[PDB]
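**Student:** PDB, N, CA and C atoms, file query-v4.pdb:
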```
MODEL        1
ATOM      1  N   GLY A   1     -55.098-102.490  71.325
ATOM      2  CA  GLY A   1     -54.200-101.680  72.139
ATOM      3  C   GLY A   1     -54.946-100.510  72.690
ATOM      4  N   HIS A   2     -54.329 -99.743  73.571
ATOM      5  CA  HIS A   2     -54.990 -98.604  74.173
ATOM      6  C   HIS A   2     -53.957 -97.752  74.891
ATOM      7  N   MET A   3     -54.340 -96.554  75.247
ATOM      8  CA  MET A   3     -53.517 -95.724  76.076
ATOM      9  C   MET A   3     -53.976 -95.924  77.486
ATOM     10  N   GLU A   4     -53.071 -96.218  78.377
ATOM     11  CA  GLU A   4     -53.430 -96.430  79.749
ATOM     12  C   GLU A   4     -53.604 -95.105  80.424
ATOM     13  N   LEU A   5     -54.830 -94.661  80.553
ATOM     14  CA  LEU A   5     -55.129 -93.459  81.283
ATOM     15  C   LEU A   5     -55.198 -93.812  82.748
ATOM     16  N   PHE A   6     -54.093 -93.730  83.401
ATOM     17  CA  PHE A   6     -54.030 -94.029  84.804
ATOM     18  C   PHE A   6     -53.778 -92.783  85.646
ATOM     19  N   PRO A   7     -54.420 -92.698  86.825
ATOM     20  CA  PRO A   7     -54.251 -91.577  87.730
ATOM     21  C   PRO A   7     -52.865 -91.536  88.352
ATOM     22  N   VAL A   8     -52.269 -90.408  88.265
ATOM     23  CA  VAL A   8     -50.960 -90.164  88.791
ATOM     24  C   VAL A   8     -51.044 -89.043  89.802
ATOM     25  N   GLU A   9     -50.621 -89.301  91.002
ATOM     26  CA  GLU A   9     -50.670 -88.306  92.039
ATOM     27  C   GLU A   9     -49.283 -88.105  92.582
ATOM     28  N   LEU A  10     -48.728 -86.966  92.383
ATOM     29  CA  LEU A  10     -47.441 -86.706  92.937
ATOM     30  C   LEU A  10     -47.532 -85.823  94.122
ATOM     31  N   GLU A  11     -46.516 -85.864  94.884
ATOM     32  CA  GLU A  11     -46.348 -84.990  95.987
ATOM     33  C   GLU A  11     -45.057 -84.267  95.822
ATOM     34  N   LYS A  12     -45.156 -82.998  95.625
ATOM     35  CA  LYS A  12     -44.009 -82.196  95.361
ATOM     36  C   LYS A  12     -43.280 -81.877  96.643
ATOM     37  N   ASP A  13     -42.023 -81.574  96.518
ATOM     38  CA  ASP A  13     -41.221 -81.211  97.661
ATOM     39  C   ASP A  13     -41.337 -79.715  97.840
ATOM     40  N   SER A  14     -40.566 -79.167  98.748
ATOM     41  CA  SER A  14     -40.481 -77.728  98.920
ATOM     42  C   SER A  14     -39.769 -77.151  97.680
ATOM     43  N   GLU A  15     -39.036 -78.030  97.013
ATOM     44  CA  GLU A  15     -38.389 -77.756  95.756
ATOM     45  C   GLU A  15     -39.462 -77.619  94.679
ATOM     46  N   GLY A  16     -40.370 -78.555  94.691
ATOM     47  CA  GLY A  16     -41.393 -78.616  93.710
ATOM     48  C   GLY A  16     -41.353 -79.947  93.027
ATOM     49  N   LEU A  17     -41.409 -79.930  91.732
ATOM     50  CA  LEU A  17     -41.368 -81.130  90.941
ATOM     51  C   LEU A  17     -39.939 -81.401  90.477
ATOM     52  N   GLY A  18     -39.760 -82.479  89.762
ATOM     53  CA  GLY A  18     -38.463 -82.848  89.260
ATOM     54  C   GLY A  18     -38.616 -83.619  88.005
ATOM     55  N   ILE A  19     -39.093 -82.954  87.010
ATOM     56  CA  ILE A  19     -39.379 -83.517  85.707
ATOM     57  C   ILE A  19     -39.239 -82.439  84.694
ATOM     58  N   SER A  20     -39.509 -82.783  83.511
ATOM     59  CA  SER A  20     -39.511 -81.884  82.412
ATOM     60  C   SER A  20     -40.450 -82.440  81.393
ATOM     61  N   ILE A  21     -40.865 -81.640  80.482
ATOM     62  CA  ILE A  21     -41.794 -82.046  79.468
ATOM     63  C   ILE A  21     -41.241 -81.692  78.113
ATOM     64  N   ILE A  22     -41.800 -82.261  77.087
ATOM     65  CA  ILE A  22     -41.372 -81.982  75.747
ATOM     66  C   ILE A  22     -42.572 -81.985  74.806
ATOM     67  N   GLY A  23     -42.590 -81.043  73.904
ATOM     68  CA  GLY A  23     -43.639 -80.962  72.942
ATOM     69  C   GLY A  23     -43.394 -81.865  71.767
ATOM     70  N   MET A  24     -43.972 -83.036  71.812
ATOM     71  CA  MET A  24     -43.872 -83.984  70.731
ATOM     72  C   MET A  24     -45.230 -84.158  70.101
ATOM     73  N   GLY A  25     -45.297 -84.919  69.055
ATOM     74  CA  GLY A  25     -46.546 -85.116  68.391
ATOM     75  C   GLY A  25     -46.583 -84.362  67.110
ATOM     76  N   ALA A  26     -47.512 -84.690  66.287
ATOM     77  CA  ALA A  26     -47.698 -84.017  65.045
ATOM     78  C   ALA A  26     -49.163 -84.031  64.740
ATOM     79  N   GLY A  27     -49.665 -82.939  64.263
ATOM     80  CA  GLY A  27     -51.041 -82.878  63.914
ATOM     81  C   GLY A  27     -51.747 -81.749  64.585
ATOM     82  N   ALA A  28     -51.320 -80.554  64.283
ATOM     83  CA  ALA A  28     -51.975 -79.371  64.781
ATOM     84  C   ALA A  28     -53.196 -79.126  63.908
ATOM     85  N   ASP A  29     -54.233 -79.830  64.257
ATOM     86  CA  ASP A  29     -55.457 -79.932  63.475
ATOM     87  C   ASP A  29     -56.378 -78.726  63.631
ATOM     88  N   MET A  30     -56.020 -77.845  64.543
ATOM     89  CA  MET A  30     -56.812 -76.674  64.887
ATOM     90  C   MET A  30     -58.150 -77.061  65.433
ATOM     91  N   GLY A  31     -58.143 -77.456  66.665
ATOM     92  CA  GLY A  31     -59.377 -77.862  67.316
ATOM     93  C   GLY A  31     -59.494 -79.363  67.440
ATOM     94  N   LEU A  32     -58.407 -79.965  67.874
ATOM     95  CA  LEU A  32     -58.254 -81.407  68.074
ATOM     96  C   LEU A  32     -56.830 -81.582  68.537
ATOM     97  N   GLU A  33     -55.917 -81.233  67.629
ATOM     98  CA  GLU A  33     -54.491 -81.154  67.863
ATOM     99  C   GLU A  33     -53.898 -82.340  68.611
ATOM    100  N   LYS A  34     -53.546 -83.341  67.852
ATOM    101  CA  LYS A  34     -52.976 -84.551  68.384
ATOM    102  C   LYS A  34     -51.491 -84.388  68.670
ATOM    103  N   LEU A  35     -51.224 -83.722  69.749
ATOM    104  CA  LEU A  35     -49.886 -83.470  70.206
ATOM    105  C   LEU A  35     -49.683 -84.168  71.512
ATOM    106  N   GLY A  36     -48.472 -84.349  71.892
ATOM    107  CA  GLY A  36     -48.211 -85.030  73.100
ATOM    108  C   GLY A  36     -47.146 -84.361  73.884
ATOM    109  N   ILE A  37     -47.517 -83.762  74.974
ATOM    110  CA  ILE A  37     -46.537 -83.185  75.827
ATOM    111  C   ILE A  37     -46.110 -84.255  76.818
ATOM    112  N   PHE A  38     -45.179 -85.054  76.375
ATOM    113  CA  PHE A  38     -44.685 -86.171  77.133
ATOM    114  C   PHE A  38     -43.638 -85.689  78.105
ATOM    115  N   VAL A  39     -43.318 -86.510  79.056
ATOM    116  CA  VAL A  39     -42.280 -86.201  80.006
ATOM    117  C   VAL A  39     -40.923 -86.323  79.321
ATOM    118  N   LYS A  40     -40.138 -85.281  79.411
ATOM    119  CA  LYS A  40     -38.856 -85.227  78.748
ATOM    120  C   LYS A  40     -37.797 -85.839  79.622
ATOM    121  N   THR A  41     -37.922 -85.620  80.899
ATOM    122  CA  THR A  41     -37.005 -86.176  81.835
ATOM    123  C   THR A  41     -37.652 -86.153  83.190
ATOM    124  N   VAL A  42     -37.083 -86.867  84.088
ATOM    125  CA  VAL A  42     -37.520 -86.917  85.432
ATOM    126  C   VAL A  42     -36.308 -86.914  86.349
ATOM    127  N   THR A  43     -35.982 -85.714  86.765
ATOM    128  CA  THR A  43     -34.814 -85.396  87.519
ATOM    129  C   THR A  43     -34.816 -86.019  88.912
ATOM    130  N   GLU A  44     -33.729 -86.729  89.194
ATOM    131  CA  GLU A  44     -33.488 -87.443  90.449
ATOM    132  C   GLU A  44     -33.647 -86.559  91.687
ATOM    133  N   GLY A  45     -33.338 -85.284  91.545
ATOM    134  CA  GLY A  45     -33.439 -84.358  92.648
ATOM    135  C   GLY A  45     -34.862 -84.169  93.130
ATOM    136  N   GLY A  46     -35.816 -84.312  92.235
ATOM    137  CA  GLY A  46     -37.168 -84.066  92.596
ATOM    138  C   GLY A  46     -37.918 -85.300  92.974
ATOM    139  N   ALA A  47     -39.040 -85.056  93.576
ATOM    140  CA  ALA A  47     -39.918 -86.069  94.128
ATOM    141  C   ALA A  47     -40.396 -87.084  93.098
ATOM    142  N   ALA A  48     -40.588 -86.642  91.863
ATOM    143  CA  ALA A  48     -41.136 -87.504  90.813
ATOM    144  C   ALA A  48     -40.278 -88.740  90.559
ATOM    145  N   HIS A  49     -38.967 -88.565  90.602
ATOM    146  CA  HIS A  49     -38.035 -89.656  90.352
ATOM    147  C   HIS A  49     -37.985 -90.594  91.559
ATOM    148  N   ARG A  50     -38.040 -90.016  92.745
ATOM    149  CA  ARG A  50     -37.897 -90.788  93.968
ATOM    150  C   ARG A  50     -39.194 -91.526  94.295
ATOM    151  N   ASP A  51     -40.319 -90.951  93.885
ATOM    152  CA  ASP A  51     -41.609 -91.578  94.069
ATOM    153  C   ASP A  51     -41.826 -92.629  92.996
ATOM    154  N   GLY A  52     -41.684 -92.226  91.750
ATOM    155  CA  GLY A  52     -41.848 -93.151  90.642
ATOM    156  C   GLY A  52     -43.237 -93.052  90.095
ATOM    157  N   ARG A  53     -43.711 -91.842  90.034
ATOM    158  CA  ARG A  53     -45.058 -91.579  89.653
ATOM    159  C   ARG A  53     -45.092 -91.082  88.223
ATOM    160  N   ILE A  54     -44.586 -89.877  88.012
ATOM    161  CA  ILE A  54     -44.460 -89.346  86.681
ATOM    162  C   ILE A  54     -43.139 -89.847  86.118
ATOM    163  N   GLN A  55     -43.204 -90.751  85.186
ATOM    164  CA  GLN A  55     -42.024 -91.354  84.626
ATOM    165  C   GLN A  55     -41.727 -90.727  83.271
ATOM    166  N   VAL A  56     -40.544 -90.989  82.741
ATOM    167  CA  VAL A  56     -40.068 -90.343  81.509
ATOM    168  C   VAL A  56     -40.841 -90.841  80.239
ATOM    169  N   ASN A  57     -41.706 -91.795  80.418
ATOM    170  CA  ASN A  57     -42.403 -92.404  79.292
ATOM    171  C   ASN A  57     -43.887 -92.080  79.387
ATOM    172  N   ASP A  58     -44.214 -91.230  80.334
ATOM    173  CA  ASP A  58     -45.590 -90.885  80.592
ATOM    174  C   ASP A  58     -45.996 -89.617  79.871
ATOM    175  N   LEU A  59     -47.285 -89.399  79.798
ATOM    176  CA  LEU A  59     -47.865 -88.278  79.091
ATOM    177  C   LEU A  59     -48.968 -87.652  79.901
ATOM    178  N   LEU A  60     -48.953 -86.346  79.982
ATOM    179  CA  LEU A  60     -49.986 -85.615  80.669
ATOM    180  C   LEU A  60     -51.198 -85.489  79.739
ATOM    181  N   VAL A  61     -52.152 -86.380  79.906
ATOM    182  CA  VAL A  61     -53.376 -86.372  79.117
ATOM    183  C   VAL A  61     -54.318 -85.316  79.641
ATOM    184  N   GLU A  62     -54.451 -85.293  80.922
ATOM    185  CA  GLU A  62     -55.206 -84.285  81.602
ATOM    186  C   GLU A  62     -54.693 -84.122  83.014
ATOM    187  N   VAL A  63     -54.844 -82.941  83.549
ATOM    188  CA  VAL A  63     -54.437 -82.642  84.906
ATOM    189  C   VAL A  63     -55.703 -82.820  85.775
ATOM    190  N   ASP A  64     -55.647 -82.481  87.054
ATOM    191  CA  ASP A  64     -56.809 -82.613  87.977
ATOM    192  C   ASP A  64     -58.101 -82.056  87.398
ATOM    193  N   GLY A  65     -58.041 -80.848  86.889
ATOM    194  CA  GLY A  65     -59.236 -80.253  86.341
ATOM    195  C   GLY A  65     -59.007 -79.482  85.064
ATOM    196  N   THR A  66     -58.220 -80.026  84.162
ATOM    197  CA  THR A  66     -57.946 -79.397  82.866
ATOM    198  C   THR A  66     -57.422 -80.454  81.896
ATOM    199  N   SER A  67     -58.173 -80.707  80.857
ATOM    200  CA  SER A  67     -57.791 -81.660  79.863
ATOM    201  C   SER A  67     -56.724 -81.083  78.939
ATOM    202  N   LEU A  68     -55.699 -81.868  78.693
ATOM    203  CA  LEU A  68     -54.639 -81.482  77.807
ATOM    204  C   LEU A  68     -54.986 -81.859  76.400
ATOM    205  N   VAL A  69     -55.025 -83.171  76.147
ATOM    206  CA  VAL A  69     -55.286 -83.760  74.813
ATOM    207  C   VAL A  69     -54.097 -83.524  73.843
ATOM    208  N   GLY A  70     -53.522 -82.338  73.895
ATOM    209  CA  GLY A  70     -52.437 -81.988  73.055
ATOM    210  C   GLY A  70     -52.322 -80.502  72.905
ATOM    211  N   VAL A  71     -51.650 -79.915  73.840
ATOM    212  CA  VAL A  71     -51.452 -78.486  73.903
ATOM    213  C   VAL A  71     -50.022 -78.153  73.499
ATOM    214  N   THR A  72     -49.651 -76.914  73.648
ATOM    215  CA  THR A  72     -48.300 -76.507  73.456
ATOM    216  C   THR A  72     -47.522 -76.825  74.750
ATOM    217  N   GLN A  73     -46.221 -76.970  74.663
ATOM    218  CA  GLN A  73     -45.410 -77.343  75.825
ATOM    219  C   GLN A  73     -45.518 -76.278  76.927
ATOM    220  N   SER A  74     -45.614 -75.039  76.506
ATOM    221  CA  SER A  74     -45.744 -73.903  77.402
ATOM    222  C   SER A  74     -47.039 -73.993  78.215
ATOM    223  N   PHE A  75     -48.098 -74.464  77.562
ATOM    224  CA  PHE A  75     -49.404 -74.625  78.175
ATOM    225  C   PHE A  75     -49.303 -75.656  79.285
ATOM    226  N   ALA A  76     -48.702 -76.792  78.969
ATOM    227  CA  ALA A  76     -48.560 -77.875  79.924
ATOM    228  C   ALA A  76     -47.726 -77.431  81.129
ATOM    229  N   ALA A  77     -46.643 -76.713  80.856
ATOM    230  CA  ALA A  77     -45.771 -76.191  81.904
ATOM    231  C   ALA A  77     -46.531 -75.219  82.804
ATOM    232  N   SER A  78     -47.466 -74.520  82.216
ATOM    233  CA  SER A  78     -48.221 -73.525  82.908
ATOM    234  C   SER A  78     -49.381 -74.162  83.701
ATOM    235  N   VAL A  79     -49.901 -75.302  83.242
ATOM    236  CA  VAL A  79     -51.078 -75.888  83.888
ATOM    237  C   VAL A  79     -50.692 -76.451  85.243
ATOM    238  N   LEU A  80     -49.482 -76.931  85.306
ATOM    239  CA  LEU A  80     -48.884 -77.461  86.523
ATOM    240  C   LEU A  80     -48.605 -76.336  87.535
ATOM    241  N   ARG A  81     -48.604 -75.110  87.058
ATOM    242  CA  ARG A  81     -48.376 -73.970  87.917
ATOM    243  C   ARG A  81     -49.692 -73.357  88.360
ATOM    244  N   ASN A  82     -50.730 -73.578  87.571
ATOM    245  CA  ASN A  82     -52.077 -73.073  87.885
ATOM    246  C   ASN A  82     -52.795 -73.987  88.849
ATOM    247  N   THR A  83     -52.358 -75.208  88.901
ATOM    248  CA  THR A  83     -52.938 -76.183  89.763
ATOM    249  C   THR A  83     -52.342 -76.128  91.173
ATOM    250  N   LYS A  84     -52.984 -76.816  92.110
ATOM    251  CA  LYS A  84     -52.545 -76.888  93.488
ATOM    252  C   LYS A  84     -51.233 -77.663  93.644
ATOM    253  N   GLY A  85     -50.852 -77.872  94.882
ATOM    254  CA  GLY A  85     -49.631 -78.565  95.205
ATOM    255  C   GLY A  85     -49.751 -80.055  94.990
ATOM    256  N   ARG A  86     -50.942 -80.582  95.168
ATOM    257  CA  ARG A  86     -51.186 -81.974  94.886
ATOM    258  C   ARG A  86     -52.418 -82.118  94.027
ATOM    259  N   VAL A  87     -52.210 -82.611  92.852
ATOM    260  CA  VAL A  87     -53.255 -82.847  91.881
ATOM    261  C   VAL A  87     -53.047 -84.202  91.220
ATOM    262  N   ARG A  88     -54.123 -84.877  90.912
ATOM    263  CA  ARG A  88     -54.045 -86.131  90.201
ATOM    264  C   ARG A  88     -54.143 -85.882  88.737
ATOM    265  N   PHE A  89     -53.233 -86.418  88.006
ATOM    266  CA  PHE A  89     -53.238 -86.273  86.584
ATOM    267  C   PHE A  89     -53.676 -87.587  86.005
ATOM    268  N   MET A  90     -54.108 -87.572  84.793
ATOM    269  CA  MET A  90     -54.334 -88.786  84.086
ATOM    270  C   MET A  90     -53.292 -88.912  83.044
ATOM    271  N   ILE A  91     -52.392 -89.792  83.295
ATOM    272  CA  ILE A  91     -51.331 -90.073  82.395
ATOM    273  C   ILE A  91     -51.809 -91.111  81.446
ATOM    274  N   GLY A  92     -51.532 -90.920  80.199
ATOM    275  CA  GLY A  92     -51.896 -91.886  79.232
ATOM    276  C   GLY A  92     -50.729 -92.262  78.429
ATOM    277  N   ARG A  93     -50.218 -93.392  78.707
ATOM    278  CA  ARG A  93     -49.069 -93.874  77.993
ATOM    279  C   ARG A  93     -49.502 -94.934  77.036
ATOM    280  N   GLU A  94     -48.820 -95.036  75.948
ATOM    281  CA  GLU A  94     -49.078 -96.086  75.039
ATOM    282  C   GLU A  94     -48.114 -97.207  75.347
ATOM    283  N   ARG A  95     -48.447 -97.910  76.389
ATOM    284  CA  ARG A  95     -47.672 -99.022  76.875
ATOM    285  C   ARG A  95     -47.608-100.196  75.857
ATOM    286  N   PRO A  96     -48.770-100.795  75.446
ATOM    287  CA  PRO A  96     -48.755-101.905  74.515
ATOM    288  C   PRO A  96     -48.429-101.477  73.082
ATOM    289  N   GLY A  97     -48.035-102.438  72.284
ATOM    290  CA  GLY A  97     -47.759-102.186  70.887
ATOM    291  C   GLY A  97     -46.773-103.169  70.351
ATOM    292  N   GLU A  98     -45.716-103.377  71.095
ATOM    293  CA  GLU A  98     -44.655-104.321  70.732
ATOM    294  C   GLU A  98     -45.073-105.777  71.055
ATOM    295  N   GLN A  99     -46.367-106.001  71.123
ATOM    296  CA  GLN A  99     -46.947-107.259  71.503
ATOM    297  C   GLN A  99     -46.645-108.330  70.477
ATOM    298  N   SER A 100     -46.990-108.047  69.251
ATOM    299  CA  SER A 100     -46.831-108.966  68.164
ATOM    300  C   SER A 100     -46.756-108.141  66.893
ATOM    301  N   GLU A 101     -46.520-108.802  65.758
ATOM    302  CA  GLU A 101     -46.503-108.175  64.431
ATOM    303  C   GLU A 101     -45.306-107.204  64.274
ATOM    304  N   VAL A 102     -44.326-107.331  65.119
ATOM    305  CA  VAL A 102     -43.186-106.444  65.037
ATOM    306  C   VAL A 102     -42.110-107.031  64.141
ATOM    307  N   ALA A 103     -41.425-106.151  63.414
ATOM    308  CA  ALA A 103     -40.326-106.472  62.497
ATOM    309  C   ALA A 103     -40.754-107.264  61.265
ATOM    310  N   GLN A 104     -41.199-108.467  61.479
ATOM    311  CA  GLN A 104     -41.604-109.359  60.400
ATOM    312  C   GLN A 104     -43.052-109.089  60.007
ATOM    313  N   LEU A 105     -43.808-108.509  60.956
ATOM    314  CA  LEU A 105     -45.238-108.293  60.831
ATOM    315  C   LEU A 105     -45.974-109.627  60.655
ATOM    316  N   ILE A 106     -47.257-109.584  60.373
ATOM    317  CA  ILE A 106     -47.979-110.812  60.132
ATOM    318  C   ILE A 106     -47.622-111.286  58.751
ATOM    319  N   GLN A 107     -48.006-110.483  57.762
ATOM    320  CA  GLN A 107     -47.654-110.678  56.365
ATOM    321  C   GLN A 107     -48.065-112.060  55.829
ATOM    322  N   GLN A 108     -49.237-112.153  55.206
ATOM    323  CA  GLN A 108     -49.654-113.428  54.623
ATOM    324  C   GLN A 108     -48.907-113.655  53.324
ATOM    325  N   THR A 109     -47.682-114.061  53.436
ATOM    326  CA  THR A 109     -46.871-114.266  52.284
ATOM    327  C   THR A 109     -47.017-115.685  51.776
ATOM    328  N   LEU A 110     -47.293-116.607  52.681
ATOM    329  CA  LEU A 110     -47.383-118.024  52.345
ATOM    330  C   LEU A 110     -48.766-118.384  51.797
ATOM    331  N   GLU A 111     -49.523-117.369  51.474
ATOM    332  CA  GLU A 111     -50.805-117.514  50.867
ATOM    333  C   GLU A 111     -50.912-116.510  49.746
ATOM    334  N   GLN A 112     -50.684-116.953  48.550
ATOM    335  CA  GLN A 112     -50.815-116.095  47.400
ATOM    336  C   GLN A 112     -51.701-116.716  46.333
ATOM    337  N   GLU A 113     -52.459-117.733  46.744
ATOM    338  CA  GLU A 113     -53.472-118.344  45.905
ATOM    339  C   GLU A 113     -54.523-117.304  45.584
TER
ENDMDL
END
```
Take the structure I supplied and represent it as structure tokens, if you would.
**Tutor:**
Amino acid sequence: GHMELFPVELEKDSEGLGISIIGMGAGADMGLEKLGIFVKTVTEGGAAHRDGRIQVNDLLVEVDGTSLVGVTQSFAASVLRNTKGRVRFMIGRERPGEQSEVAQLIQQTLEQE
């Protein structure tokens, strides 16, 4: 499996963006910090919903010129304000996972020799 680090380029309206973020994740390791400021919502009023770029299941891994990795939600909210009107982000979603081994798992139960 992997995180799909795909480039996301939005175009904001005169309104701006139309999303929200949320501070999820656990592991404030102090100098690594495996946190995830994922998209909390993607408001229909804004360009993000109408474009279909930043989706509610996406994660801001890095912005045009600033790596996130796992910051505080305030940091992420602020990076989008420090950046230009159009910036490419690298969204990294953990798309795969439910591929196999779900619920029942593999579980070598029929082999106990």
**Student:** Please write as a PyMOL selection string the full residue list that the PyMOL selection byres ((chain A and resi 40) around 5) yields on this file.
**Tutor:** chain A and resi 20-22+38-39+41-42
**Student:** Mind checking which residues fall within 6 Å of region 80-89 of chain A, counting only C-alpha atoms, ignoring those fewer than 4 positions away in the same chain, and posting them as a PDB file with N, CA and C atoms, in the frame of the given file?
**Tutor:**
```pdb
ATOM      1  N   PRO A   7     -54.420 -92.698  86.825  1.00  0.00           N
ATOM      2  CA  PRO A   7     -54.251 -91.577  87.730  1.00  0.00           C
ATOM      3  C   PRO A   7     -52.865 -91.536  88.352  1.00  0.00           C
ATOM      4  N   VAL A   8     -52.269 -90.408  88.265  1.00  0.00           N
ATOM      5  CA  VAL A   8     -50.960 -90.164  88.791  1.00  0.00           C
ATOM      6  C   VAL A   8     -51.044 -89.043  89.802  1.00  0.00           C
ATOM      7  N   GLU A   9     -50.621 -89.301  91.002  1.00  0.00           N
ATOM      8  CA  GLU A   9     -50.670 -88.306  92.039  1.00  0.00           C
ATOM      9  C   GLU A   9     -49.283 -88.105  92.582  1.00  0.00           C
ATOM     10  N   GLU A  11     -46.516 -85.864  94.884  1.00  0.00           N
ATOM     11  CA  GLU A  11     -46.348 -84.990  95.987  1.00  0.00           C
ATOM     12  C   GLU A  11     -45.057 -84.267  95.822  1.00  0.00           C
ATOM     13  N   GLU A  62     -54.451 -85.293  80.922  1.00  0.00           N
ATOM     14  CA  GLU A  62     -55.206 -84.285  81.602  1.00  0.00           C
ATOM     15  C   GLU A  62     -54.693 -84.122  83.014  1.00  0.00           C
ATOM     16  N   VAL A  63     -54.844 -82.941  83.549  1.00  0.00           N
ATOM     17  CA  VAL A  63     -54.437 -82.642  84.906  1.00  0.00           C
ATOM     18  C   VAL A  63     -55.703 -82.820  85.775  1.00  0.00           C
ATOM     19  N   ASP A  64     -55.647 -82.481  87.054  1.00  0.00           N
ATOM     20  CA  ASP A  64     -56.809 -82.613  87.977  1.00  0.00           C
ATOM     21  C   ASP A  64     -58.101 -82.056  87.398  1.00  0.00           C
TER      22      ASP A  64
END
```
**Student:** Please evaluate the PyMOL selection byres ((chain A and resi 58) around 6.5) against the structure above and give the resulting residues as number ranges by chain.
**Tutor:** A: 37-39, 54-57, 59-60, 91-93
**Student:** From a backbone DSSP assignment, name each residue in chain A labelled helix (DSSP H, G or I), as JSON, numbers by chain.
**Tutor:** {"A": [47, 48, 49, 50, 51, 73, 74, 75, 76, 77, 78, 79, 80, 81, 82]}
**Student:** Find the residues around residue 70 (chain A) up to 5 Å (only N, CA and C atoms counted), leave out those fewer than 4 positions away in its own chain, and share them as a list in words.
**Tutor:**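 Answer for this query is residues 33, 35 and 36 of chain A.
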**Student:** Tell me which residues come within 6.5 Å of (-39.2, -84.0, 86.7), as a PyMOL selection string, counting all atoms listed in the file in the file's coordinates.
**Tutor:** chain A and resi 17-20+41-43+46+48-49
**Student:** Neighbours of residue 3 (chain A) within 6.5 Å (only N, CA and C atoms; same-chain residues fewer than 2 positions away dropped), as a ChimeraX atom specification?
**Tutor:** /A:1,5-6,92-95
**Student:** On this structure, which residues satisfy the PyMOL selection byres ((chain A and resi 34) around 7), written as JSON, numbers by chain?
**Tutor:** {"A": [24, 25, 26, 27, 28, 29, 30, 32, 33, 35, 36, 69, 70, 71]}
**Student:** One number please: atom C of residue 14 (chain A) to CA of residue 47 (chain A), in Å, one decimal.
**Tutor:**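 According to the coordinates, atom C of residue 14 (chain A) and CA of residue 47 (chain A) are separated by 9.6 Å.
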**Student:** To one decimal place in Å, what is the distance between CA of residue 50 (chain A) and CA of residue 77 (chain A)?
**Tutor:**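 Taking CA of residue 50 (chain A) as the start and CA of residue 77 (chain A) as the end point, the length is 20.5 Å.
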**Student:** Where in chain A does DSSP assign strand (DSSP E or B), given as an NGL selection string?
**Tutor:** :A and (4-9 or 20-25 or 35-41 or 59-63 or 66-67 or 88-93)
**Student:** Using the file's own x, y and z axes, what box holds all listed atoms of region 65-75 of chain A with 4 Å on each side, keeping edges along x, y and z, and what are its centre and edge lengths in Å to one decimal, as JSON?
**Tutor:**
```
{"center_x": -52.3, "center_y": -78.8, "center_z": 79.9, "size_x": 21.8, "size_y": 17.9, "size_z": 22.0}
```
**Student:** To one decimal in Å, tell me the separation between atom C of residue 75 (chain A) and atom C of residue 90 (chain A).
**Tutor:** 14.3 Å
